[PDB]
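> My file is entry-v4.tsv. It has TSV, N, CA and C atoms:
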chain	number	residue	atom	x	y	z
A	1	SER	N	63.80	108.35	77.52
A	1	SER	CA	62.44	107.97	77.88
A	1	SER	C	61.99	106.75	77.08
A	2	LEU	N	62.95	106.05	76.50
A	2	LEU	CA	62.65	104.86	75.70
A	2	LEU	C	62.05	103.76	76.57
A	3	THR	N	62.68	103.50	77.71
A	3	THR	CA	62.20	102.48	78.63
A	3	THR	C	61.67	103.09	79.92
A	4	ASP	N	60.82	104.10	79.78
A	4	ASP	CA	60.24	104.78	80.93
A	4	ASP	C	59.11	103.94	81.54
A	5	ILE	N	57.98	103.90	80.85
A	5	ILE	CA	56.83	103.14	81.32
A	5	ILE	C	57.20	101.68	81.58
A	6	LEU	N	58.25	101.21	80.90
A	6	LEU	CA	58.71	99.84	81.05
A	6	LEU	C	60.14	99.80	81.58
A	7	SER	N	60.77	98.64	81.47
A	7	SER	CA	62.14	98.46	81.94
A	7	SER	C	63.06	98.04	80.79
A	8	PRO	N	64.28	98.58	80.79
A	8	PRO	CA	65.28	98.27	79.76
A	8	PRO	C	65.80	96.85	79.87
A	9	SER	N	65.55	96.21	81.01
A	9	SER	CA	66.01	94.85	81.24
A	9	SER	C	64.91	93.85	80.89
A	10	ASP	N	64.00	94.26	80.01
A	10	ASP	CA	62.90	93.40	79.59
A	10	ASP	C	62.82	93.32	78.07
A	11	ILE	N	63.13	94.43	77.41
A	11	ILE	CA	63.10	94.49	75.96
A	11	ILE	C	64.24	93.69	75.35
A	12	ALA	N	65.30	93.50	76.12
A	12	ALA	CA	66.47	92.75	75.66
A	12	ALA	C	66.18	91.25	75.63
A	13	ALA	N	65.22	90.82	76.45
A	13	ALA	CA	64.85	89.41	76.51
A	13	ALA	C	64.34	88.92	75.16
A	14	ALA	N	63.95	89.85	74.30
A	14	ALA	CA	63.44	89.52	72.98
A	14	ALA	C	64.44	89.91	71.89
A	15	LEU	N	65.22	90.95	72.17
A	15	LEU	CA	66.22	91.43	71.21
A	15	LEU	C	67.36	90.43	71.07
A	16	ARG	N	67.47	89.52	72.03
A	16	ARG	CA	68.52	88.51	72.02
A	16	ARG	C	67.94	87.12	71.81
A	17	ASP	N	66.66	86.97	72.14
A	17	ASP	CA	65.98	85.68	71.99
A	17	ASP	C	65.29	85.59	70.63
A	18	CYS	N	65.06	86.74	70.01
A	18	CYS	CA	64.41	86.79	68.71
A	18	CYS	C	65.37	87.29	67.63
A	19	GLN	N	66.66	87.13	67.88
A	19	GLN	CA	67.68	87.57	66.94
A	19	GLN	C	67.52	86.87	65.60
A	20	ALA	N	66.89	85.69	65.62
A	20	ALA	CA	66.67	84.92	64.41
A	20	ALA	C	65.86	85.71	63.39
A	21	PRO	N	65.92	85.29	62.12
A	21	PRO	CA	65.20	85.95	61.03
A	21	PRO	C	63.69	85.73	61.12
A	22	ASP	N	62.93	86.81	60.97
A	22	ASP	CA	61.48	86.74	61.03
A	22	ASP	C	61.02	86.16	62.37
A	23	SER	N	61.88	86.28	63.38
A	23	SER	CA	61.56	85.77	64.71
A	23	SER	C	61.15	86.90	65.64
A	24	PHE	N	61.63	88.10	65.35
A	24	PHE	CA	61.31	89.27	66.17
A	24	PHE	C	60.13	90.04	65.58
A	25	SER	N	59.12	90.28	66.41
A	25	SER	CA	57.93	91.00	65.97
A	25	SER	C	57.37	91.87	67.10
A	26	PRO	N	56.56	92.87	66.72
A	26	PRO	CA	55.94	93.79	67.69
A	26	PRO	C	54.88	93.11	68.55
A	27	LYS	N	54.15	92.19	67.95
A	27	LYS	CA	53.10	91.46	68.66
A	27	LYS	C	53.64	90.16	69.24
A	28	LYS	N	54.92	90.16	69.59
A	28	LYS	CA	55.56	88.98	70.17
A	28	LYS	C	56.40	89.35	71.38
A	29	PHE	N	57.10	90.48	71.29
A	29	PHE	CA	57.94	90.95	72.39
A	29	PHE	C	57.11	91.66	73.45
A	30	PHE	N	55.91	92.09	73.06
A	30	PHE	CA	55.02	92.79	73.98
A	30	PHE	C	54.77	91.96	75.23
A	31	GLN	N	54.74	90.64	75.07
A	31	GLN	CA	54.51	89.74	76.19
A	31	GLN	C	55.81	89.47	76.95
A	32	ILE	N	56.94	89.77	76.31
A	32	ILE	CA	58.24	89.57	76.93
A	32	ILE	C	58.67	90.80	77.72
A	33	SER	N	58.79	91.93	77.03
A	33	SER	CA	59.20	93.17	77.67
A	33	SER	C	58.22	93.56	78.78
A	34	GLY	N	57.00	93.89	78.39
A	34	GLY	CA	55.99	94.28	79.36
A	34	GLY	C	54.91	95.16	78.76
A	35	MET	N	54.59	94.92	77.49
A	35	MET	CA	53.58	95.70	76.80
A	35	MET	C	52.26	94.93	76.72
A	36	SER	N	52.24	93.75	77.32
A	36	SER	CA	51.04	92.91	77.32
A	36	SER	C	50.03	93.40	78.36
A	37	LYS	N	50.46	94.36	79.18
A	37	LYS	CA	49.59	94.91	80.21
A	37	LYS	C	49.20	96.35	79.89
A	38	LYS	N	49.56	96.79	78.69
A	38	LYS	CA	49.24	98.15	78.25
A	38	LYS	C	47.73	98.37	78.22
A	39	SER	N	47.32	99.51	77.68
A	39	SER	CA	45.90	99.85	77.59
A	39	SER	C	45.69	101.10	76.74
A	40	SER	N	46.52	101.26	75.71
A	40	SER	CA	46.43	102.41	74.83
A	40	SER	C	46.63	103.71	75.61
A	41	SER	N	47.22	103.60	76.79
A	41	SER	CA	47.47	104.76	77.64
A	41	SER	C	48.95	104.88	77.98
A	42	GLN	N	49.73	103.88	77.57
A	42	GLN	CA	51.16	103.87	77.84
A	42	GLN	C	51.96	103.76	76.54
A	43	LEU	N	51.31	103.25	75.50
A	43	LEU	CA	51.95	103.09	74.20
A	43	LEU	C	52.53	104.41	73.71
A	44	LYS	N	51.65	105.33	73.34
A	44	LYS	CA	52.07	106.64	72.85
A	44	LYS	C	52.88	107.38	73.91
A	45	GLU	N	52.72	106.96	75.16
A	45	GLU	CA	53.44	107.59	76.27
A	45	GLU	C	54.93	107.71	75.95
A	46	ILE	N	55.52	106.61	75.48
A	46	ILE	CA	56.93	106.59	75.14
A	46	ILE	C	57.17	107.12	73.73
A	47	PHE	N	56.13	107.07	72.90
A	47	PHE	CA	56.22	107.55	71.53
A	47	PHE	C	57.58	107.20	70.92
A	48	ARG	N	58.05	105.99	71.19
A	48	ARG	CA	59.33	105.53	70.67
A	48	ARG	C	59.28	104.05	70.31
A	49	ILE	N	58.07	103.51	70.23
A	49	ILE	CA	57.89	102.10	69.89
A	49	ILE	C	57.10	101.95	68.60
A	50	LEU	N	56.39	103.00	68.21
A	50	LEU	CA	55.60	102.98	66.99
A	50	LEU	C	56.41	103.50	65.80
A	51	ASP	N	56.80	104.77	65.86
A	51	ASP	CA	57.58	105.38	64.80
A	51	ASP	C	58.37	106.58	65.32
A	52	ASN	N	59.52	106.83	64.71
A	52	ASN	CA	60.37	107.95	65.12
A	52	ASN	C	60.11	109.17	64.24
A	53	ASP	N	58.84	109.39	63.90
A	53	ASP	CA	58.46	110.53	63.07
A	53	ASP	C	57.23	111.22	63.63
A	54	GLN	N	56.21	110.43	63.97
A	54	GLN	CA	54.97	110.97	64.51
A	54	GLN	C	54.42	112.08	63.62
A	55	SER	N	54.61	111.93	62.32
A	55	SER	CA	54.14	112.93	61.36
A	55	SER	C	52.77	112.54	60.80
A	56	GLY	N	52.45	111.25	60.89
A	56	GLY	CA	51.17	110.77	60.39
A	56	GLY	C	51.10	109.25	60.34
A	57	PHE	N	51.87	108.66	59.43
A	57	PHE	CA	51.89	107.21	59.28
A	57	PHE	C	53.31	106.67	59.45
A	58	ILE	N	53.49	105.39	59.13
A	58	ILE	CA	54.79	104.75	59.25
A	58	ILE	C	55.16	104.01	57.97
A	59	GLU	N	56.46	103.88	57.73
A	59	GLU	CA	56.95	103.19	56.53
A	59	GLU	C	58.10	102.25	56.88
A	60	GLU	N	58.42	101.36	55.94
A	60	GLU	CA	59.50	100.40	56.15
A	60	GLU	C	60.82	101.11	56.42
A	61	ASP	N	60.90	102.37	56.01
A	61	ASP	CA	62.11	103.17	56.21
A	61	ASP	C	62.26	103.57	57.67
A	62	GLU	N	61.23	103.29	58.46
A	62	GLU	CA	61.24	103.63	59.88
A	62	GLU	C	61.18	102.37	60.74
A	63	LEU	N	61.51	101.23	60.14
A	63	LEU	CA	61.49	99.95	60.85
A	63	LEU	C	62.88	99.32	60.86
A	64	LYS	N	63.52	99.28	59.69
A	64	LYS	CA	64.85	98.70	59.56
A	64	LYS	C	65.76	99.17	60.70
A	65	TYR	N	65.59	100.43	61.10
A	65	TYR	CA	66.40	101.00	62.17
A	65	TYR	C	65.59	101.11	63.46
A	66	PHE	N	64.91	100.03	63.81
A	66	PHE	CA	64.09	100.00	65.02
A	66	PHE	C	64.90	99.47	66.21
A	67	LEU	N	65.36	98.23	66.10
A	67	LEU	CA	66.14	97.60	67.16
A	67	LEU	C	67.30	98.50	67.58
A	68	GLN	N	67.81	99.28	66.63
A	68	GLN	CA	68.92	100.19	66.90
A	68	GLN	C	68.63	101.06	68.11
A	69	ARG	N	67.35	101.34	68.34
A	69	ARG	CA	66.94	102.17	69.47
A	69	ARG	C	67.29	101.50	70.79
A	70	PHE	N	66.55	100.46	71.14
A	70	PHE	CA	66.78	99.74	72.39
A	70	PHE	C	68.17	99.10	72.39
A	71	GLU	N	68.45	98.29	71.37
A	71	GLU	CA	69.74	97.62	71.26
A	71	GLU	C	70.88	98.60	71.45
A	72	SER	N	72.07	98.08	71.73
A	72	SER	CA	73.25	98.91	71.93
A	72	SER	C	73.60	99.68	70.66
A	73	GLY	N	73.58	98.98	69.53
A	73	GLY	CA	73.90	99.62	68.26
A	73	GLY	C	73.58	98.72	67.08
A	74	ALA	N	72.31	98.41	66.89
A	74	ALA	CA	71.88	97.56	65.79
A	74	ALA	C	72.37	98.11	64.45
A	75	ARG	N	72.14	97.34	63.39
A	75	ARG	CA	72.57	97.75	62.05
A	75	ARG	C	71.37	97.88	61.12
A	76	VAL	N	70.68	96.76	60.89
A	76	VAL	CA	69.52	96.75	60.01
A	76	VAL	C	68.70	95.48	60.21
A	77	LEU	N	67.43	95.53	59.81
A	77	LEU	CA	66.54	94.38	59.94
A	77	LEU	C	66.30	93.72	58.58
A	78	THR	N	65.68	92.55	58.60
A	78	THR	CA	65.39	91.81	57.38
A	78	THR	C	64.19	92.41	56.65
A	79	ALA	N	63.73	91.72	55.62
A	79	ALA	CA	62.58	92.18	54.84
A	79	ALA	C	61.28	91.60	55.40
A	80	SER	N	61.37	90.94	56.54
A	80	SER	CA	60.20	90.34	57.17
A	80	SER	C	59.93	90.97	58.54
A	81	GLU	N	60.95	90.97	59.39
A	81	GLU	CA	60.82	91.55	60.73
A	81	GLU	C	60.27	92.97	60.66
A	82	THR	N	60.60	93.68	59.58
A	82	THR	CA	60.14	95.05	59.40
A	82	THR	C	58.78	95.08	58.73
A	83	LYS	N	58.64	94.34	57.63
A	83	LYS	CA	57.38	94.28	56.90
A	83	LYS	C	56.24	93.84	57.80
A	84	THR	N	56.59	93.18	58.91
A	84	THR	CA	55.60	92.70	59.86
A	84	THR	C	55.47	93.64	61.05
A	85	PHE	N	55.91	94.88	60.86
A	85	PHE	CA	55.85	95.88	61.92
A	85	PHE	C	54.70	96.86	61.69
A	86	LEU	N	54.52	97.26	60.43
A	86	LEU	CA	53.46	98.19	60.07
A	86	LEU	C	52.50	97.56	59.06
A	87	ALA	N	52.99	96.55	58.34
A	87	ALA	CA	52.18	95.87	57.35
A	87	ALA	C	51.57	94.59	57.91
A	88	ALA	N	51.61	94.46	59.24
A	88	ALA	CA	51.07	93.28	59.91
A	88	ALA	C	49.84	93.64	60.73
A	89	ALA	N	49.86	94.81	61.35
A	89	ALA	CA	48.75	95.27	62.16
A	89	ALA	C	47.43	95.13	61.42
A	90	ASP	N	47.26	95.92	60.37
A	90	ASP	CA	46.04	95.89	59.57
A	90	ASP	C	46.20	96.70	58.29
A	91	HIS	N	45.15	96.74	57.48
A	91	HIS	CA	45.17	97.48	56.22
A	91	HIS	C	44.03	98.49	56.16
A	92	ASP	N	43.89	99.28	57.22
A	92	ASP	CA	42.83	100.28	57.29
A	92	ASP	C	42.85	101.17	56.05
A	93	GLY	N	44.04	101.42	55.52
A	93	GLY	CA	44.17	102.26	54.34
A	93	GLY	C	45.05	101.63	53.28
A	94	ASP	N	46.35	101.58	53.55
A	94	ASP	CA	47.31	101.01	52.61
A	94	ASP	C	48.33	100.13	53.34
A	95	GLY	N	47.98	99.72	54.56
A	95	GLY	CA	48.88	98.89	55.34
A	95	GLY	C	49.81	99.70	56.21
A	96	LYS	N	49.46	100.96	56.43
A	96	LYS	CA	50.28	101.85	57.26
A	96	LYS	C	49.62	102.09	58.61
A	97	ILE	N	50.45	102.22	59.65
A	97	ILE	CA	49.95	102.45	61.00
A	97	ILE	C	49.63	103.93	61.22
A	98	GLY	N	48.62	104.19	62.03
A	98	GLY	CA	48.23	105.56	62.32
A	98	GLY	C	47.65	105.73	63.71
A	99	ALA	N	48.44	105.38	64.72
A	99	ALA	CA	48.00	105.49	66.10
A	99	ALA	C	46.64	104.83	66.30
A	100	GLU	N	46.41	103.74	65.57
A	100	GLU	CA	45.14	103.02	65.67
A	100	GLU	C	45.36	101.52	65.50
A	101	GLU	N	46.28	101.16	64.61
A	101	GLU	CA	46.58	99.75	64.35
A	101	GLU	C	47.54	99.20	65.40
A	102	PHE	N	48.65	99.90	65.62
A	102	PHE	CA	49.64	99.48	66.60
A	102	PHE	C	48.99	99.22	67.95
A	103	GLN	N	48.00	100.04	68.30
A	103	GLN	CA	47.30	99.90	69.57
A	103	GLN	C	46.50	98.60	69.61
A	104	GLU	N	45.52	98.49	68.72
A	104	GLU	CA	44.68	97.30	68.65
A	104	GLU	C	45.54	96.04	68.53
A	105	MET	N	46.73	96.19	67.96
A	105	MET	CA	47.64	95.07	67.78
A	105	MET	C	48.10	94.52	69.12
A	106	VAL	N	48.56	95.41	70.00
A	106	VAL	CA	49.02	95.02	71.32
A	106	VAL	C	47.86	94.79	72.27
A	107	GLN	N	46.94	95.75	72.31
A	107	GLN	CA	45.77	95.66	73.18
A	107	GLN	C	44.96	94.41	72.87
A	108	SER	N	44.85	94.08	71.59
A	108	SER	CA	44.10	92.91	71.16
A	108	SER	C	42.69	92.93	71.74
Could I get this structure in the form of structure tokens?

Amino acid sequence: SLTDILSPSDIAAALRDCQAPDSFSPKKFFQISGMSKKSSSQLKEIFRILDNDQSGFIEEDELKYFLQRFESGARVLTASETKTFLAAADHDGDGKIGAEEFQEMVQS
């Protein structure tokens, strides 16, 4: 259900075009894959784009292995592509996402 609301042939357009360092971001591929038309009603729907824990917040330990999901078999991310995944949205508390930042980030 990773590419349910969306298509698997859209997320790759960024996973291969943003392979560069600090080139891949959550608020950048949204316009490529198809998350630019979201509305906080499809995001959590897949519950596989924010965090693979859904326990409360998110950490860098849940970003390095992000592309690994969509991608065929990623390895690890840099110290920027990840730091700009949960520490880029906002700092409502300590720079962690909580089903509130990730949304406003894409929804804008």
> For atom N of residue 14 in chain A and CA of residue 90 in chain A, quote the distance in Å rounded to one decimal.
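Rounded to one decimal, the two atoms are 24.0 Å apart.
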> For residue 88 in chain A, work out the shell of residues within 10 Å, counting only C-alpha atoms and skipping chain neighbours fewer than 3 positions away, then give it as a VMD selection string.
chain A and resid 25 to 27 80 to 85 91 95 to 97 101 to 102 105
> Please, could you write that set of residues out with N, CA and C atoms as a PDB file, in the frame of the given file?

ATOM      1  N   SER A  25      59.120  90.280  66.410  1.00  0.00           N
ATOM      2  CA  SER A  25      57.930  91.000  65.970  1.00  0.00           C
ATOM      3  C   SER A  25      57.370  91.870  67.100  1.00  0.00           C
ATOM      4  N   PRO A  26      56.560  92.870  66.720  1.00  0.00           N
ATOM      5  CA  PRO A  26      55.940  93.790  67.690  1.00  0.00           C
ATOM      6  C   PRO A  26      54.880  93.110  68.550  1.00  0.00           C
ATOM      7  N   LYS A  27      54.150  92.190  67.950  1.00  0.00           N
ATOM      8  CA  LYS A  27      53.100  91.460  68.660  1.00  0.00           C
ATOM      9  C   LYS A  27      53.640  90.160  69.240  1.00  0.00           C
ATOM     10  N   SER A  80      61.370  90.940  56.540  1.00  0.00           N
ATOM     11  CA  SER A  80      60.200  90.340  57.170  1.00  0.00           C
ATOM     12  C   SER A  80      59.930  90.970  58.540  1.00  0.00           C
ATOM     13  N   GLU A  81      60.950  90.970  59.390  1.00  0.00           N
ATOM     14  CA  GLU A  81      60.820  91.550  60.730  1.00  0.00           C
ATOM     15  C   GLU A  81      60.270  92.970  60.660  1.00  0.00           C
ATOM     16  N   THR A  82      60.600  93.680  59.580  1.00  0.00           N
ATOM     17  CA  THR A  82      60.140  95.050  59.400  1.00  0.00           C
ATOM     18  C   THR A  82      58.780  95.080  58.730  1.00  0.00           C
ATOM     19  N   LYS A  83      58.640  94.340  57.630  1.00  0.00           N
ATOM     20  CA  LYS A  83      57.380  94.280  56.900  1.00  0.00           C
ATOM     21  C   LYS A  83      56.240  93.840  57.800  1.00  0.00           C
ATOM     22  N   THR A  84      56.590  93.180  58.910  1.00  0.00           N
ATOM     23  CA  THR A  84      55.600  92.700  59.860  1.00  0.00           C
ATOM     24  C   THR A  84      55.470  93.640  61.050  1.00  0.00           C
ATOM     25  N   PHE A  85      55.910  94.880  60.860  1.00  0.00           N
ATOM     26  CA  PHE A  85      55.850  95.880  61.920  1.00  0.00           C
ATOM     27  C   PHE A  85      54.700  96.860  61.690  1.00  0.00           C
ATOM     28  N   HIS A  91      45.150  96.740  57.480  1.00  0.00           N
ATOM     29  CA  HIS A  91      45.170  97.480  56.220  1.00  0.00           C
ATOM     30  C   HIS A  91      44.030  98.490  56.160  1.00  0.00           C
ATOM     31  N   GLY A  95      47.980  99.720  54.560  1.00  0.00           N
ATOM     32  CA  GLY A  95      48.880  98.890  55.340  1.00  0.00           C
ATOM     33  C   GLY A  95      49.810  99.700  56.210  1.00  0.00           C
ATOM     34  N   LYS A  96      49.460 100.960  56.430  1.00  0.00           N
ATOM     35  CA  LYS A  96      50.280 101.850  57.260  1.00  0.00           C
ATOM     36  C   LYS A  96      49.620 102.090  58.610  1.00  0.00           C
ATOM     37  N   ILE A  97      50.450 102.220  59.650  1.00  0.00           N
ATOM     38  CA  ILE A  97      49.950 102.450  61.000  1.00  0.00           C
ATOM     39  C   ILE A  97      49.630 103.930  61.220  1.00  0.00           C
ATOM     40  N   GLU A 101      46.280 101.160  64.610  1.00  0.00           N
ATOM     41  CA  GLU A 101      46.580  99.750  64.350  1.00  0.00           C
ATOM     42  C   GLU A 101      47.540  99.200  65.400  1.00  0.00           C
ATOM     43  N   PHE A 102      48.650  99.900  65.620  1.00  0.00           N
ATOM     44  CA  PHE A 102      49.640  99.480  66.600  1.00  0.00           C
ATOM     45  C   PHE A 102      48.990  99.220  67.950  1.00  0.00           C
ATOM     46  N   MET A 105      46.730  96.190  67.960  1.00  0.00           N
ATOM     47  CA  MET A 105      47.640  95.070  67.780  1.00  0.00           C
ATOM     48  C   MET A 105      48.100  94.520  69.120  1.00  0.00           C
TER      49      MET A 105
END
> Mind checking which residues fall within 9 Å of residue 4 in chain A, counting only C-alpha atoms, ignoring those fewer than 4 positions away in the same chain, and posting them as a PyMOL selection string?
chain A and resi 8+45-46
> What would the file look like if the residues just selected were written as a PDB file, in the coordinates of the input with N, CA and C atoms?

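So part.pdb came out as:
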ATOM      1  N   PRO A   8      64.280  98.580  80.790  1.00  0.00           N
ATOM      2  CA  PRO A   8      65.280  98.270  79.760  1.00  0.00           C
ATOM      3  C   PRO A   8      65.800  96.850  79.870  1.00  0.00           C
ATOM      4  N   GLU A  45      52.720 106.960  75.160  1.00  0.00           N
ATOM      5  CA  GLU A  45      53.440 107.590  76.270  1.00  0.00           C
ATOM      6  C   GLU A  45      54.930 107.710  75.950  1.00  0.00           C
ATOM      7  N   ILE A  46      55.520 106.610  75.480  1.00  0.00           N
ATOM      8  CA  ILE A  46      56.930 106.590  75.140  1.00  0.00           C
ATOM      9  C   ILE A  46      57.170 107.120  73.730  1.00  0.00           C
TER      10      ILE A  46
END
> Can you find the residues with an atom no farther than 6 Å from (70.1, 98.2, 61.5), counting all atoms listed in the file, and report them as an mmCIF file with N, CA and C atoms, in the coordinates of the input?

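Final file, part.cif:
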data_model
loop_
_atom_site.group_PDB
_atom_site.id
_atom_site.type_symbol
_atom_site.label_atom_id
_atom_site.label_comp_id
_atom_site.auth_asym_id
_atom_site.auth_seq_id
_atom_site.Cartn_x
_atom_site.Cartn_y
_atom_site.Cartn_z
ATOM 1 N N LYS A 64 63.520 99.280 59.690
ATOM 2 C CA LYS A 64 64.850 98.700 59.560
ATOM 3 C C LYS A 64 65.760 99.170 60.700
ATOM 4 N N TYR A 65 65.590 100.430 61.100
ATOM 5 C CA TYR A 65 66.400 101.000 62.170
ATOM 6 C C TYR A 65 65.590 101.110 63.460
ATOM 7 N N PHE A 66 64.910 100.030 63.810
ATOM 8 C CA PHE A 66 64.090 100.000 65.020
ATOM 9 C C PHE A 66 64.900 99.470 66.210
ATOM 10 N N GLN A 68 67.810 99.280 66.630
ATOM 11 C CA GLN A 68 68.920 100.190 66.900
ATOM 12 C C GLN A 68 68.630 101.060 68.110
ATOM 13 N N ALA A 74 72.310 98.410 66.890
ATOM 14 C CA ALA A 74 71.880 97.560 65.790
ATOM 15 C C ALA A 74 72.370 98.110 64.450
ATOM 16 N N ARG A 75 72.140 97.340 63.390
ATOM 17 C CA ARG A 75 72.570 97.750 62.050
ATOM 18 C C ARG A 75 71.370 97.880 61.120
ATOM 19 N N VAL A 76 70.680 96.760 60.890
ATOM 20 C CA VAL A 76 69.520 96.750 60.010
ATOM 21 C C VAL A 76 68.700 95.480 60.210
ATOM 22 N N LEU A 77 67.430 95.530 59.810
ATOM 23 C CA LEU A 77 66.540 94.380 59.940
ATOM 24 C C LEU A 77 66.300 93.720 58.580
#
> Interatomic distance between atom C of residue 12 in chain A and atom C of residue 40 in chain A?
23.2 Å
> What is the distance between atom C of residue 55 in chain A and atom C of residue 32 in chain A, in Å to one decimal?
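Going from atom C of residue 55 in chain A over to atom C of residue 32 in chain A covers 28.2 Å.
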> Up to 8 Å from (59.6, 108.9, 76.4) in the file's coordinates: name the residues, counting all atoms listed in the file, as a list in words.
residues 1, 2, 3, 4, 5, 44, 45, 46, 47 and 48 of chain A
> Using N, CA and C atoms, can you write the selected residues to a file as a short mmCIF file (atom, residue, chain, number, x, y, z; two decimals), in the coordinates of the input?

data_model
loop_
_atom_site.label_atom_id
_atom_site.label_comp_id
_atom_site.auth_asym_id
_atom_site.auth_seq_id
_atom_site.Cartn_x
_atom_site.Cartn_y
_atom_site.Cartn_z
N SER A 1 63.80 108.35 77.52
CA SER A 1 62.44 107.97 77.88
C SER A 1 61.99 106.75 77.08
N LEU A 2 62.95 106.05 76.50
CA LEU A 2 62.65 104.86 75.70
C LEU A 2 62.05 103.76 76.57
N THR A 3 62.68 103.50 77.71
CA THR A 3 62.20 102.48 78.63
C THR A 3 61.67 103.09 79.92
N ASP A 4 60.82 104.10 79.78
CA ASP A 4 60.24 104.78 80.93
C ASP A 4 59.11 103.94 81.54
N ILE A 5 57.98 103.90 80.85
CA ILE A 5 56.83 103.14 81.32
C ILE A 5 57.20 101.68 81.58
N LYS A 44 51.65 105.33 73.34
CA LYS A 44 52.07 106.64 72.85
C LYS A 44 52.88 107.38 73.91
N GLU A 45 52.72 106.96 75.16
CA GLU A 45 53.44 107.59 76.27
C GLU A 45 54.93 107.71 75.95
N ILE A 46 55.52 106.61 75.48
CA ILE A 46 56.93 106.59 75.14
C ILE A 46 57.17 107.12 73.73
N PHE A 47 56.13 107.07 72.90
CA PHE A 47 56.22 107.55 71.53
C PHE A 47 57.58 107.20 70.92
N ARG A 48 58.05 105.99 71.19
CA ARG A 48 59.33 105.53 70.67
C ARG A 48 59.28 104.05 70.31
#
> Ranking A:60, A:49, A:72, A:24 by minimum distance to residue 87 in chain A and counting only C-alpha atoms, which one comes first?
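Of A:60, A:49, A:72, A:24, the one nearest residue 87 in chain A, counting only C-alpha atoms, is A:60.
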> Which residues come within 9 Å of residue 37 in chain A, counting only C-alpha atoms, excluding same-chain residues fewer than 3 positions away, as number ranges by chain?
A: 30-31, 34, 106-107
> Under the rule that only N, CA and C atoms are counted, which of A:63, A:79, A:11, A:43 is the nearest residue to residue 103 in chain A?
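Closest to residue 103 in chain A, using only N, CA and C atoms: A:43.
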> Quick one: 3 Å padding each side, axis-aligned, all listed atoms of range 95-99 of chain A - centre and edge lengths in Å to one decimal, as JSON?

{"center_x": 48.5, "center_y": 102.3, "center_z": 60.4, "size_x": 9.8, "size_y": 12.8, "size_z": 17.7}
> Which is closer to residue 78 in chain A than all the others in A:17, A:35, A:42, A:61, using only C-alpha atoms?
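Closest candidate: A:61.
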> Pick from A:67, A:50, A:108, A:57: nearest to residue 94 in chain A, with only C-alpha atoms counted?
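Of the candidates, the smallest distance to residue 94 in chain A is held by A:57.
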> So which residues of chain A fall under helix (DSSP H, G or I) by DSSP, listed as a PyMOL selection string?
chain A and resi 8-15+26-33+43-46+60-62+67-70+83-86+101-107
> Could range 28-38 of chain A be written out with N, CA, C and O atoms, as a PDB file, in the first residue's frame, please?

ATOM      1  N   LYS A  28       9.807  18.479  -2.158  1.00  0.00           N
ATOM      2  CA  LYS A  28      10.329  18.665  -3.507  1.00  0.00           C
ATOM      3  C   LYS A  28       9.794  17.593  -4.450  1.00  0.00           C
ATOM      4  O   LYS A  28       9.455  17.876  -5.599  1.00  0.00           O
ATOM      5  N   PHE A  29       9.719  16.361  -3.957  1.00  0.00           N
ATOM      6  CA  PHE A  29       9.225  15.246  -4.756  1.00  0.00           C
ATOM      7  C   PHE A  29       7.699  15.229  -4.780  1.00  0.00           C
ATOM      8  O   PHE A  29       7.087  14.614  -5.654  1.00  0.00           O
ATOM      9  N   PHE A  30       7.091  15.908  -3.813  1.00  0.00           N
ATOM     10  CA  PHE A  30       5.636  15.970  -3.722  1.00  0.00           C
ATOM     11  C   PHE A  30       5.030  16.477  -5.027  1.00  0.00           C
ATOM     12  O   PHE A  30       3.938  16.064  -5.416  1.00  0.00           O
ATOM     13  N   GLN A  31       5.747  17.374  -5.696  1.00  0.00           N
ATOM     14  CA  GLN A  31       5.279  17.939  -6.956  1.00  0.00           C
ATOM     15  C   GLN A  31       5.610  17.014  -8.123  1.00  0.00           C
ATOM     16  O   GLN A  31       5.039  17.138  -9.207  1.00  0.00           O
ATOM     17  N   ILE A  32       6.533  16.087  -7.894  1.00  0.00           N
ATOM     18  CA  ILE A  32       6.939  15.140  -8.925  1.00  0.00           C
ATOM     19  C   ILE A  32       6.062  13.893  -8.903  1.00  0.00           C
ATOM     20  O   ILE A  32       5.391  13.574  -9.885  1.00  0.00           O
ATOM     21  N   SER A  33       6.069  13.192  -7.773  1.00  0.00           N
ATOM     22  CA  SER A  33       5.277  11.978  -7.622  1.00  0.00           C
ATOM     23  C   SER A  33       3.792  12.269  -7.823  1.00  0.00           C
ATOM     24  O   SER A  33       3.183  11.810  -8.789  1.00  0.00           O
ATOM     25  N   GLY A  34       3.216  13.039  -6.904  1.00  0.00           N
ATOM     26  CA  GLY A  34       1.809  13.380  -6.998  1.00  0.00           C
ATOM     27  C   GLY A  34       1.202  13.715  -5.651  1.00  0.00           C
ATOM     28  O   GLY A  34       0.032  13.429  -5.401  1.00  0.00           O
ATOM     29  N   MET A  35       2.001  14.322  -4.778  1.00  0.00           N
ATOM     30  CA  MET A  35       1.535  14.695  -3.448  1.00  0.00           C
ATOM     31  C   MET A  35       1.211  16.185  -3.384  1.00  0.00           C
ATOM     32  O   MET A  35       0.850  16.707  -2.329  1.00  0.00           O
ATOM     33  N   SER A  36       1.344  16.864  -4.519  1.00  0.00           N
ATOM     34  CA  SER A  36       1.070  18.295  -4.590  1.00  0.00           C
ATOM     35  C   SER A  36      -0.430  18.557  -4.675  1.00  0.00           C
ATOM     36  O   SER A  36      -0.878  19.701  -4.604  1.00  0.00           O
ATOM     37  N   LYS A  37      -1.203  17.487  -4.828  1.00  0.00           N
ATOM     38  CA  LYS A  37      -2.654  17.597  -4.922  1.00  0.00           C
ATOM     39  C   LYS A  37      -3.325  17.018  -3.680  1.00  0.00           C
ATOM     40  O   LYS A  37      -4.549  16.893  -3.624  1.00  0.00           O
ATOM     41  N   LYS A  38      -2.517  16.669  -2.685  1.00  0.00           N
ATOM     42  CA  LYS A  38      -3.032  16.106  -1.442  1.00  0.00           C
ATOM     43  C   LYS A  38      -3.958  17.095  -0.740  1.00  0.00           C
ATOM     44  O   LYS A  38      -4.301  18.139  -1.294  1.00  0.00           O
TER      45      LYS A  38
END
